[PDB]
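So the structure is just underneath, and the comments pick up after that.
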Amino acid sequence: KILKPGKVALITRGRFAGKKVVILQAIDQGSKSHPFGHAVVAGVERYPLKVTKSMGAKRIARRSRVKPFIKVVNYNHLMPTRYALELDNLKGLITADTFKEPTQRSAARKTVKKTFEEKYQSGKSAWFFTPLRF
Amino acid sequence: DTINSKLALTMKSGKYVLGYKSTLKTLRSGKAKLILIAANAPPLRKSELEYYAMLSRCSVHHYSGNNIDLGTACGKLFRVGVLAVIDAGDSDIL
Amino acid sequence: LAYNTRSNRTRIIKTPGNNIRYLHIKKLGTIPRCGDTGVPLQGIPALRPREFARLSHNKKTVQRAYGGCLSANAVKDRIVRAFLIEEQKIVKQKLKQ
Amino acid sequence: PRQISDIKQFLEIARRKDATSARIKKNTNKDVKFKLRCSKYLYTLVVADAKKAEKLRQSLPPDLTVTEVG
RNA sequence: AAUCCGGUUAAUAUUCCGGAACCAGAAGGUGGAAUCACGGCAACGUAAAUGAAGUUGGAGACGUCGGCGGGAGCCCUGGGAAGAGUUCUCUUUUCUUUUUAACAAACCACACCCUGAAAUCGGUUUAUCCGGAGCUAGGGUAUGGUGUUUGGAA
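Protein chains in written order, with the entry's author numbering: chain Z, 3 to 136; chain c, 22 to 115; chain g, 11 to 107; chain k, 2 to 71.
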């Protein structure tokens with residue numbers, strides 16, 4: 003019961019190892035596609051770089067740009083953390099058809115990236131957006 | 022001795038899982054009321070179990086004996102470094 | 011090359027001229043080993059050190075963090091240990107503060 | 002020596018300037034072997050029906066110095 | 001780092017001749033690819049998929065002995081074929097030979113992952129080894145020692 007929507011966790015398996023993700027939706031009840039403790043998690047593949055006021059606005063935007071990654075991973079693969087991040091734009095956008103339709107997946111990634119950039123601009127969830135050394 | 026007797030009674034009355042993955046699954050599900058970890062457990066495994074127990078609000082019991090001693094107390098012939106008890110059953114170990 | 015040594019490992023083959031000739035077979039390559047565990051990594055073909063250059067970039071490294079230098083089990087353990095140690099430092103700092 | 006099973010690419014690699022000489026082999030199995038010499042590799046093609054074999058004789062460019070059985 | 005086969009001299013051959021490959025380095029050009037690529041829960045996969053300083057990791061690179069498994073060649077042998085025998089008769093018999101290289105293509109099996117939670121102990125070696133630090137079982141992943149089909153090549 004330690005897994006809830008909007009909770010911050012870390013992925014410990016796969017290509018996106020050691021990347022902080024937020025639980026968009028819990029599928030711990032099990033599913034035919036993933037007969038295990040799977041859940042939809044959205045994380046960051048390229049953490050934003052440090053921003054200097056002397057640098058140009060275009061350069062600052064490029065440094066702050068982050069590439070998100072949305073995938074379903076098992077509960078054992080994930081690692082829950084105390085912190086939790088909740089966003090209005092991240093609620094209700096997760097569905098089976100979203101992962102089923104490739105065009106919907108790209109749209110979801112674009113929406114997640116737009117939401118993350120707004121959060122970075124707002125100066126919130128700095129620990130979550132910051133890359134973790136391992 | 023009283024804790025060992027309560028654990029032995031719970032092993033036949035309540036629900037218990039004696040294993041790393043089973044306890045981790047039980048801790049994740051939150052059903053594991055108490056988690057018994059042997060003193061000979063690895064520091065990384067003990068810390069991971071403690072973090073999971075803290076997140077799931079479960080009791081953390083540290084057995085003085087090693088995994089062999091924990092298995093002998095549980096009555097099984099297999100070493101069990103970590104065990105998870107969800108229900109105490111007739112016993113009042115919880 | 012008199013006084014045959016470990017280098018002169020010859021295998022007899024039948025030529026199309028109905029003749030038996032010895033061909034020198036070089037030592038087989040060794041798959042890269044994981045730095046921490048020491049067990050050989052999975053997904054890397056075992057070729058010679060010089061022949062490893064000809065392979066593509068994706069053919070020598072696994073698509074994961076520390077892939078091709080640390081095993082996946084070691085990678086998972088290293089990631090988990092770092093997170094727990096970071097939490098302990100955070101917990102200790104809060105208590106000390 | 003790459004065994005080649007696509008007639009069309011055998012045609013285009015013949016027209017490409019790398020091709021130098023071509024040989025045609027008629028074995029006992031009534032199969033026609035087209036061997037094309039390139040800079041580094043000898044490309045061969047095995048066909049089983051004579052009419053396609055003959056059609057690809059006249060489809061080869063005249064500049065190529067084709068030769069019959071050795 | 002990288003070569004084989006056949007042929008060739010009065011005397012030299014992995015060197016020469018004929019044919020067929022391989023390695024290293026060098027630039028542009030052409031086509032393809034990304035705007036610092038995706039997929040799979042995972043082990044990982046793919047035609048590509050920038051990485052300075054600085055910091056590491058691996059190969060090279062590592063004792064010896066015994067048994068088991070695999071493959072190759074050699075030896076043994078059944079036919080088939082060829083020739084040379086022996087043979088009043090017997091002897092479907094006696095002797096000899098019966099080739100495919102480097103290299104290049106497609107496919108072909110112990111370590112790990114996923115489901116799983118086990119002792120009524122199971123699996124299993126020629127030799128009892130492992131298992132809640134997760135067995136047997138099911139599905140995968142990688143490593144291909146090799147083998148199959150060719151090309152080379154008649």
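Cβ atoms here follow ideal geometry from the backbone N, Cα and C, with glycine treated the same way.
- Following the DSSP letters along the chain, one finds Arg38/k in no alpha helix (DSSP H) but inside the beta strand (DSSP E) bounded by residues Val33 to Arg38.
- Under a criterion of Cβ atoms nearer than 7 Å, the residues of chain c adjacent to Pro82/Z are, in order, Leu76.
- One finds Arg49 in chain c with Cβ atoms closer than 7 Å to the Cβ of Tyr77/Z, taken in chain order.
- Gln59/k and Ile35/g have their C-alpha atoms roughly 46 Å apart.
- Between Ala11/Z and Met81/Z, the beta carbon gap of about 6 Å places them in contact (Cβ cut-off 8 Å).
- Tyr32/g sits exposed, since fewer than 16 C-beta atoms from the chains shown fall within 10 Å of its C-beta.
- Neighbours of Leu94/g in chain c, taken as residues at a C-beta separation under 8 Å, are given in chain order as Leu65, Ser68, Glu69 and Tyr72.
- In this model, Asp32/k and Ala54/k are separated by some 9 Å (Cα to Cα).
- Listed by position along chain c, the residues whose Cβ is nearer than 8 Å to that of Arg88/g form an empty set, because the closest Cβ is around 10 Å away.
- The residues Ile29, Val74 and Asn76, in chain order, have a CB closer than 8 Å to that of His36/Z in the same chain once the five nearest residues on each side in sequence are set aside.
- Excluding sequence positions up to five before and after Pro133/Z, its CB lies within less than 6 Å of the CB of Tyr49, all in the same chain and listed in chain order.
- Among the residues facing chain c, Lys22/Z is not included, as its CB has no counterpart in that chain under 9 Å away.
- In this structure, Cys79/c and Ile58/c do not form a Cβ contact; the two beta carbons are roughly 12 Å apart against a cut-off of 8 Å.
- Using a CB distance below 7 Å, the part of the region 68–80 of chain g facing chain Z consists of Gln73, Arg74 and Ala75, ordered along the chain.
- With a 10 Å radius around the Cβ and a threshold of 16 neighbouring Cβ atoms, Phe93/g comes out buried.
- For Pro62/k, DSSP records no beta bridge to any residue.
- Judged by their CB atoms, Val53/Z and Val23/Z are not nearer to each other than the 9 Å cut-off.
- Listed along the chain, the chain g residues whose CB falls inside 8 Å of the CB of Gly16/Z are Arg74.
- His83/c has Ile58/c as its beta-bridge partners, per DSSP.
- For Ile62/Z, there are no C-beta contacts with chain c under 9 Å, since the nearest C-beta of that chain is about 37 Å from it.
- Taking CB atoms only, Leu26/Z has no neighbour in chain g less than 9 Å away.
- For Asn76/Z, DSSP records a beta bridge to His40/Z.
- Taking the Cα of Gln52/g as reference, the smallest distance to any Cα among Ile100/g, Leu80/g and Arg16/g is reached at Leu80/g.
- Below 8 Å, enough C-beta pairs join the region 113–122 of chain Z and the region 87–100 of chain Z to call them touching: three or more.
- For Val85/g, the chain Z residues whose C-beta falls within less than 9 Å of its own C-beta are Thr14, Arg15, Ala19, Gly20 and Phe136, listed in chain order.
- When DSSP states are grouped into helix, strand and coil, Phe71/Z belongs to the strand group.
- Residues of chain c whose Cβ lies closer than 9 Å to the Cβ of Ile29/Z do not exist, since the nearest Cβ in that chain is about 14 Å away.
- It is roughly 6 Å from the alpha-carbon of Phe71/Z to the alpha-carbon of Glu47/Z.
- A Cβ of chain Z is located within less than 9 Å of the beta carbon of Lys42/c.
- Bounds of any beta strand (DSSP E) do not take in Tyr122/Z; it lies within the alpha helix (DSSP H) bounded by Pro104 to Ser124.
- Counting along the chain, the unbroken alpha helix (DSSP H) around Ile89/g starts and ends at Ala82 to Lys106.
- For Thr97/Z, DSSP assigns no beta-bridge partner whatsoever.
- Between the alpha carbons of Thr83/Z and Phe130/Z lies a gap of roughly 10 Å.
- Annotated three-state conformation of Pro7/Z is coil, per DSSP.
- In summary, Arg88/g is buried, with 16 or more beta-carbon neighbours lying within 10 Å of its beta-carbon over all protein chains present.
- Contact annotation: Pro63/k and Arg16/k have beta-carbon atoms that are not nearer than 9 Å.
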